[PDB]
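Here's upload-v1.cif, which has mmCIF, C-alpha atoms and all ligand atoms:
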```cif
data_query
#
loop_
_atom_site.label_atom_id
_atom_site.label_comp_id
_atom_site.auth_asym_id
_atom_site.auth_seq_id
_atom_site.Cartn_x
_atom_site.Cartn_y
_atom_site.Cartn_z
CA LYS N 15 -6.74 29.81 -6.39
CA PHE N 16 -5.47 33.37 -6.01
CA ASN N 17 -2.91 34.08 -8.67
CA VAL N 18 0.30 35.12 -6.91
CA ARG N 19 0.24 32.34 -4.34
CA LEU N 20 -0.81 29.89 -7.06
CA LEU N 21 2.01 30.93 -9.43
CA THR N 22 4.48 30.80 -6.54
CA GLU N 23 3.61 27.25 -5.56
CA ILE N 24 3.90 26.18 -9.24
CA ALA N 25 7.33 27.77 -9.63
CA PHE N 26 8.39 26.33 -6.27
CA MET N 27 7.44 22.76 -7.12
CA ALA N 28 8.97 22.85 -10.60
CA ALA N 29 12.18 24.16 -9.07
CA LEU N 30 12.01 21.45 -6.40
CA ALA N 31 11.48 18.73 -8.95
CA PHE N 32 14.45 20.03 -10.89
CA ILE N 33 16.65 20.12 -7.85
CA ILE N 34 15.64 16.63 -6.72
CA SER N 35 16.30 15.46 -10.30
CA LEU N 36 19.97 16.24 -9.61
CA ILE N 37 20.12 13.39 -7.08
CA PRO N 38 21.59 10.16 -8.59
CA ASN N 39 18.64 7.77 -9.21
CA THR N 40 19.92 4.95 -11.41
CA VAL N 41 19.28 1.35 -10.42
CA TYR N 42 20.65 -0.23 -13.58
CA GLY N 43 21.14 1.40 -16.96
CA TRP N 44 18.01 3.39 -17.72
CA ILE N 45 16.14 1.71 -14.89
CA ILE N 46 15.69 4.59 -12.47
CA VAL N 47 13.55 5.69 -9.57
CA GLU N 48 12.37 9.10 -10.55
CA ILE N 49 11.81 10.71 -7.21
CA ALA N 50 11.77 14.08 -9.02
CA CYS N 51 8.20 13.37 -10.17
CA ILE N 52 7.05 13.81 -6.58
CA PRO N 53 6.94 17.65 -6.29
CA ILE N 54 4.86 17.74 -9.46
CA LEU N 55 2.54 14.99 -8.19
CA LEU N 56 2.05 16.94 -5.02
CA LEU N 57 1.40 20.15 -6.95
CA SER N 58 -1.16 18.45 -9.15
CA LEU N 59 -2.95 16.71 -6.26
CA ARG N 60 -3.21 19.99 -4.30
CA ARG N 61 -3.88 22.54 -7.08
CA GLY N 62 -5.46 20.49 -9.87
CA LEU N 63 -4.88 19.56 -13.51
CA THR N 64 -3.81 22.82 -15.11
CA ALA N 65 -1.35 23.77 -12.37
CA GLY N 66 0.21 20.29 -12.54
CA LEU N 67 0.55 20.47 -16.30
CA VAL N 68 2.31 23.83 -16.09
CA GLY N 69 4.56 22.65 -13.26
CA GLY N 70 5.57 19.67 -15.37
CA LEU N 71 6.20 21.88 -18.37
CA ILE N 72 8.47 24.13 -16.35
CA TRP N 73 10.43 21.21 -14.86
CA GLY N 74 11.01 19.69 -18.32
CA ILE N 75 12.17 23.03 -19.68
CA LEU N 76 14.59 23.32 -16.77
CA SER N 77 15.96 19.83 -17.42
CA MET N 78 16.70 20.70 -21.02
CA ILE N 79 18.07 24.29 -20.68
CA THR N 80 20.45 23.31 -17.85
CA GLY N 81 21.99 20.45 -19.86
CA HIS N 82 20.50 17.63 -17.73
CA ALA N 83 18.19 16.20 -20.35
CA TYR N 84 19.38 13.30 -22.45
CA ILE N 85 18.37 14.35 -25.93
CA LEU N 86 18.62 12.19 -29.07
CA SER N 87 16.45 14.31 -31.39
CA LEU N 88 13.85 17.10 -31.29
CA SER N 89 10.93 14.68 -31.46
CA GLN N 90 12.37 12.52 -28.67
CA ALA N 91 13.10 15.65 -26.55
CA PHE N 92 9.54 16.91 -27.01
CA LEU N 93 8.19 13.48 -26.02
CA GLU N 94 10.38 12.77 -23.03
CA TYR N 95 11.03 16.20 -21.62
CA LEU N 96 7.82 18.06 -22.42
CA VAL N 97 5.00 15.58 -22.94
CA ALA N 98 6.20 13.11 -20.29
CA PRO N 99 6.73 15.53 -17.42
CA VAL N 100 3.56 17.54 -18.33
CA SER N 101 1.55 14.30 -18.24
CA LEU N 102 2.13 14.07 -14.51
CA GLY N 103 -0.48 16.84 -14.25
CA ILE N 104 -3.16 14.15 -14.73
CA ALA N 105 -2.86 13.51 -10.99
CA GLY N 106 -4.77 16.78 -10.66
CA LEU N 107 -8.00 15.11 -11.71
CA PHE N 108 -7.85 13.24 -8.39
CA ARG N 109 -7.53 16.40 -6.34
CA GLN N 110 -9.61 16.49 -3.17
CA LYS N 111 -10.96 19.92 -2.24
CA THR N 112 -12.78 18.75 0.90
CA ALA N 113 -11.53 17.21 4.16
CA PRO N 114 -11.14 14.62 5.45
CA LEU N 115 -8.29 13.73 3.12
CA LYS N 116 -8.68 10.18 1.78
CA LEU N 117 -5.64 8.09 0.96
CA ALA N 118 -7.11 6.19 -2.00
CA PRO N 119 -7.44 9.15 -4.38
CA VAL N 120 -3.87 10.24 -3.59
CA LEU N 121 -2.64 6.81 -4.56
CA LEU N 122 -4.90 6.53 -7.59
CA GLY N 123 -3.80 9.90 -9.01
CA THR N 124 -0.15 9.06 -8.35
CA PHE N 125 -0.49 5.64 -9.96
CA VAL N 126 -2.28 6.99 -12.96
CA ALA N 127 0.17 9.92 -13.46
CA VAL N 128 3.39 7.86 -13.07
CA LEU N 129 1.90 5.21 -15.37
CA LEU N 130 1.06 7.76 -18.03
CA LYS N 131 4.53 9.37 -17.79
CA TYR N 132 6.24 5.99 -18.11
CA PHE N 133 3.89 5.04 -20.91
CA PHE N 134 5.40 7.92 -22.95
CA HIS N 135 8.93 6.81 -22.01
CA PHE N 136 7.98 3.30 -23.06
CA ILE N 137 6.92 4.59 -26.49
CA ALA N 138 10.12 6.65 -26.63
CA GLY N 139 12.07 3.55 -25.77
CA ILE N 140 10.68 1.68 -28.73
CA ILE N 141 11.38 4.54 -31.17
CA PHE N 142 14.66 6.06 -29.99
CA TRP N 143 16.53 3.77 -27.59
CA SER N 144 16.33 0.34 -29.23
CA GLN N 145 20.07 0.45 -30.04
CA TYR N 146 20.68 -0.16 -26.34
CA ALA N 147 18.45 -3.26 -26.13
CA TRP N 148 20.18 -5.94 -24.06
CA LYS N 149 21.43 -8.77 -26.27
CA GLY N 150 18.53 -10.96 -27.43
CA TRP N 151 15.79 -8.48 -26.51
CA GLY N 152 13.65 -6.84 -29.17
CA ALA N 153 12.74 -3.19 -28.98
CA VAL N 154 9.31 -3.52 -27.37
CA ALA N 155 10.50 -6.07 -24.80
CA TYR N 156 13.47 -3.96 -23.79
CA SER N 157 11.41 -0.77 -23.49
CA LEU N 158 8.71 -2.50 -21.44
CA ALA N 159 11.21 -3.99 -19.02
CA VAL N 160 13.17 -0.77 -18.69
CA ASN N 161 10.33 1.70 -18.49
CA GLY N 162 7.90 -0.71 -16.83
CA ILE N 163 10.36 -1.38 -14.05
CA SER N 164 11.24 2.39 -13.71
CA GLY N 165 7.56 3.28 -13.65
CA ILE N 166 6.79 0.78 -10.89
CA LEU N 167 9.85 1.77 -8.77
CA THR N 168 8.97 5.42 -9.31
CA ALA N 169 5.39 4.72 -8.17
CA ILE N 170 6.81 2.93 -5.15
CA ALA N 171 8.90 5.92 -4.03
CA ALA N 172 6.06 8.35 -4.71
CA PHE N 173 3.77 6.10 -2.71
CA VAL N 174 6.13 5.99 0.24
CA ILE N 175 6.70 9.69 0.40
CA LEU N 176 3.14 10.68 -0.32
CA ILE N 177 1.81 8.16 2.21
CA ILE N 178 4.04 9.76 4.86
CA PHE N 179 2.68 13.18 3.84
CA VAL N 180 -0.95 12.01 3.99
CA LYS N 181 -0.50 10.70 7.56
CA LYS N 182 1.75 13.53 8.72
CA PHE N 183 0.73 16.57 6.68
CA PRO N 184 -2.68 15.88 5.07
CA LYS N 185 -3.11 19.63 4.60
CA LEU N 186 -0.41 19.67 1.93
CA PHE N 187 -3.05 18.09 -0.25
CA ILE N 188 -6.01 20.45 0.43
CA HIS N 189 -5.74 24.00 -0.82
CA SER N 190 -7.39 26.82 0.97
CA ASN N 191 -7.33 30.53 0.73
CA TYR N 192 -7.49 32.07 4.24
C1 LIG P 1 15.35 30.07 -22.53
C2 LIG P 1 13.93 29.99 -22.01
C3 LIG P 1 13.91 30.28 -20.51
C4 LIG P 1 13.01 31.51 -20.23
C5 LIG P 1 11.51 31.14 -20.41
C6 LIG P 1 10.90 30.82 -19.01
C7 LIG P 1 11.88 29.91 -18.22
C8 LIG P 1 11.04 28.85 -17.37
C9 LIG P 1 11.27 29.13 -15.88
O1 LIG P 1 10.63 30.37 -15.49
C10 LIG P 1 11.02 30.74 -14.18
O2 LIG P 1 12.41 30.68 -14.23
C11 LIG P 1 13.00 30.60 -12.96
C12 LIG P 1 14.48 30.59 -13.19
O3 LIG P 1 14.69 30.12 -14.51
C13 LIG P 1 12.58 29.27 -12.36
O4 LIG P 1 13.33 28.95 -11.22
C14 LIG P 1 11.13 29.42 -11.99
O5 LIG P 1 10.66 28.20 -11.46
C15 LIG P 1 10.40 29.68 -13.28
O6 LIG P 1 9.06 29.95 -13.03
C1 LIG P 2 14.73 1.95 -23.14
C2 LIG P 2 14.82 3.44 -22.76
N1 LIG P 2 15.98 3.96 -22.36
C3 LIG P 2 16.06 5.27 -22.01
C4 LIG P 2 14.92 6.07 -22.11
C5 LIG P 2 15.03 7.57 -21.74
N2 LIG P 2 14.31 7.91 -20.54
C6 LIG P 2 13.71 6.93 -19.81
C7 LIG P 2 12.98 7.23 -18.63
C8 LIG P 2 12.84 8.59 -18.21
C9 LIG P 2 13.48 9.57 -19.03
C10 LIG P 2 13.39 11.08 -18.65
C11 LIG P 2 14.49 11.46 -17.62
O1 LIG P 2 14.30 10.71 -16.38
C12 LIG P 2 14.21 9.19 -20.21
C13 LIG P 2 14.90 10.26 -21.10
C14 LIG P 2 13.71 5.46 -22.55
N3 LIG P 2 12.46 6.17 -22.69
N4 LIG P 2 13.71 4.15 -22.87
#
```
As structure tokens - that is how I would like this structure written.
Ligand SMILES: CCCCCCCCCO[C@@H]1O[C@H](CO)[C@@H](O)[C@H](O)[C@H]1O
Ligand SMILES: Cc1ncc(C[n+]2cccc(CCO)c2C)c(N)n1
Amino acid sequence: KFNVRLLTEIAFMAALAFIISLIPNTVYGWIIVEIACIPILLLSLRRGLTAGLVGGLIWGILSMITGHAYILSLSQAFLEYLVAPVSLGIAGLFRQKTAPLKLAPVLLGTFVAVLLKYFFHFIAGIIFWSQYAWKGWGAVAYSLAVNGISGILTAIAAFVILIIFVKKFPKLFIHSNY
């Protein structure tokens, strides 16, 4: 967990997440597949909770200071661009330090982290985005559909990519000095 290498990986994955976040990802309206979560999920899985949290923090800051965040208020910004991307760090609780690498924990951490992130967007949807609720939908129903569907699709893409990495590059997930 040597500091320079550790800090470098953190910076690298936050930057990567930011850069991937520049790829168009809209399916319909605010229904998206947030492939940009993946670098942070990988960072968390490999390096653990704290690193993941910090990587998420950095990515969220980047989103906002480069003008790519959609901000409606300070509270909403804090929730959706600090709390939400930080919360991806929870994948770090499912880190595996010892080989052989198992698939299940990678999927569990991913599922839990994407769920938690989209849980905060869901809340945010109720509070701040209800004006956009499709005709005839109430605020909770709209937010669940929107953020529920985005969360699932996002978990799908994370699953696909991370499953390829587990089969191809299992070592991405296991940190070692040496
Ligand atoms: C106005 C506040 C901005 C300054 C406070 C710290 C900025 C957060 C990012 O820090 C570093 O910045 C590099 C370029 O910004 C990133 O590429 C790198 O990943 C990151 O580690
Ligand atoms: C109903 C609804 N619409 C929009 C948003 C905003 N939102 C949703 C998902 C992810 C993100 C972060 C950038 O990908 C944002 C800002 C919402 N929460 N709910």
Give the padded box for ligand LIG 2 (chain P) as AutoDock Vina command-line options: axis-aligned, covering all atoms listed in the file, 5 Å on each side, centre and edge lengths in Å to one decimal.
```
--center_x 14.3 --center_y 6.7 --center_z -19.8 --size_x 13.6 --size_y 19.5 --size_z 16.8
```
Using all atoms listed in the file, determine which residues fall within 7 Å of ligand LIG 2 (chain P), then list them as a short mmCIF file (atom, residue, chain, number, x, y, z; two decimals) with C-alpha atoms, in the coordinates of the input.
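Saved result, result_4.cif, follows:
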```cif
data_model
loop_
_atom_site.label_atom_id
_atom_site.label_comp_id
_atom_site.auth_asym_id
_atom_site.auth_seq_id
_atom_site.Cartn_x
_atom_site.Cartn_y
_atom_site.Cartn_z
CA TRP N 44 18.01 3.39 -17.72
CA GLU N 48 12.37 9.10 -10.55
CA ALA N 83 18.19 16.20 -20.35
CA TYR N 84 19.38 13.30 -22.45
CA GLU N 94 10.38 12.77 -23.03
CA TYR N 95 11.03 16.20 -21.62
CA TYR N 132 6.24 5.99 -18.11
CA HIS N 135 8.93 6.81 -22.01
CA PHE N 136 7.98 3.30 -23.06
CA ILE N 137 6.92 4.59 -26.49
CA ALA N 138 10.12 6.65 -26.63
CA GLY N 139 12.07 3.55 -25.77
CA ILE N 140 10.68 1.68 -28.73
CA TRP N 143 16.53 3.77 -27.59
CA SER N 144 16.33 0.34 -29.23
CA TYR N 156 13.47 -3.96 -23.79
CA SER N 157 11.41 -0.77 -23.49
CA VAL N 160 13.17 -0.77 -18.69
CA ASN N 161 10.33 1.70 -18.49
#
```
One-decimal distance in Å that lies between CA of residue 86 (chain N) and CA of residue 53 (chain N):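 Going from CA of residue 53 (chain N) over to CA of residue 86 (chain N) covers 26.2 Å.
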Under the rule that all atoms listed in the file are counted, which of N:34, N:63, N:76, N:113 is the nearest residue to residue 49 (chain N)? N:34
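For residue 188 (chain N), the list of residues within 10 Å, based on all atoms listed in the file and with local chain neighbours fewer than 5 positions off taken out, reads residues 59, 60, 61, 109, 110, 111, 112, 113, 114, 115 and 183 of chain N.
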Sorted by chain and rising residue number, list the residues of chain N at most 7 Å from ligand LIG 1 (chain P) (counting all atoms listed in the file), each with its closest atom pair and distance in Å to one decimal, as a tab-separated table.
```
residue	atom	partner	partner_atom	distance
N:25	CA	P:LIG1	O5	3.8
N:26	CA	P:LIG1	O5	6.0
N:28	CA	P:LIG1	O5	5.7
N:29	CA	P:LIG1	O5	4.9
N:72	CA	P:LIG1	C8	5.5
N:75	CA	P:LIG1	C8	6.4
N:76	CA	P:LIG1	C8	6.6
N:79	CA	P:LIG1	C1	6.7
```
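Taking CA of residue 37 (chain N) and CA of residue 175 (chain N) as the two end points, the separation is 15.8 Å.
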Would you kindly return, as a ChimeraX atom specification, each protein, DNA or RNA residue with an atom no farther than 9 Å from any atom of region 118-123 of chain N, considering all atoms listed in the file and excluding same-chain residues fewer than 2 positions away? /N:55,58-59,104-110,115-116,125-128,172-173,176-177,180,187
Please provide the set of residues having any atom within 9 Å of residue 167 (chain N), restricted to all atoms listed in the file, with same-chain residues fewer than 6 positions apart removed, written as a ChimeraX atom specification. /N:45-48
With all atoms listed in the file as the counted atoms, please give the residues lying no more than 7 Å from residue 31 (chain N), apart from itself and same-chain residues fewer than 5 positions off, as a PyMOL selection string. chain N and resi 50-51+53-54+73
Interatomic distance between CA of residue 39 (chain N) and CA of residue 129 (chain N)?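 Going from CA of residue 39 (chain N) over to CA of residue 129 (chain N), I get 18.0 Å.
When all atoms listed in the file are used to compute distances to residue 162 (chain N), the closest of the residues N:142, N:131, N:80, N:184 turns out to be N:131.
With all atoms listed in the file as the basis for measurement, N:134 is the residue among N:153, N:68, N:134, N:57 that approaches residue 91 (chain N) most closely.
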Would you list the contacts of residue 19 (chain N) as a ChimeraX atom specification, taking every protein, DNA or RNA residue within 12 Å and counting all atoms listed in the file, but skipping same-chain residues closer than 3 positions in sequence? /N:15-16,22-26,61,65,189-192
Hey, which of N:56, N:81, N:74, N:33 ends up closest to residue 93 (chain N)? Count all atoms listed in the file.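 Of the candidates, the smallest distance to residue 93 (chain N) is held by N:74.
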